[PDB]
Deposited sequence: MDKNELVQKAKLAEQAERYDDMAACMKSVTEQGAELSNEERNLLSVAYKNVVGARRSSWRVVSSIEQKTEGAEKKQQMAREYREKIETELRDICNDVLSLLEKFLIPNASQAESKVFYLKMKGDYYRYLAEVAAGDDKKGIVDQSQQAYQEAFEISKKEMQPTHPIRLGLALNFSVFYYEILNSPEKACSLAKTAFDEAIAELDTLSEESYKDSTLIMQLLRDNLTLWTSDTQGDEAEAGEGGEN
């Protein structure tokens, strides 16, 4: 388990590129990531996209406020696509490993749910990055990606299991933001928040239910 240990280490240093890069390898083996290597690949790519998505949210904002300058807006736009290209390049690198290696090897309900949800998000990030017709195709790719997860876990996992909420949290975040349809968003979370409360891991569960609660009062 050298790659995992190296990734555990690249996390401690906060060098996230090496996190994913040595995590890609164990996925490339055709093996089924364990409950730990799942999380290590999860944080590995989350921090790599959080950075670019965080840079994009800044450069995009500047590009809006630069109505004055003419050539300055050119560079601001030029850099933005440079981040999106960096953002897209990492996303394609994760989805590809997903479809090729993880989901095909998946056997457990949590395994399939985790990887399709991972597929779902890595299409929601692409959606925001996407500008036009790409948005339609990629979001359409996004909706299918999550939906397979949601119908898997409606019955093939306990009502309180964290991914069931994790699938509920982000699937909904795709619902409101990308589809611009709060109605489906609040419906998904409310159903999801309700079924857990009736069924009310506990400390883990309540960590994200607060985000489930805040979403409901958000949209």
{"query": "Deposited-sequence stretches lacking C-alpha coordinates, listed in sequence order", "finding": "1 to 3, 204 to 209, 229 to 245"}
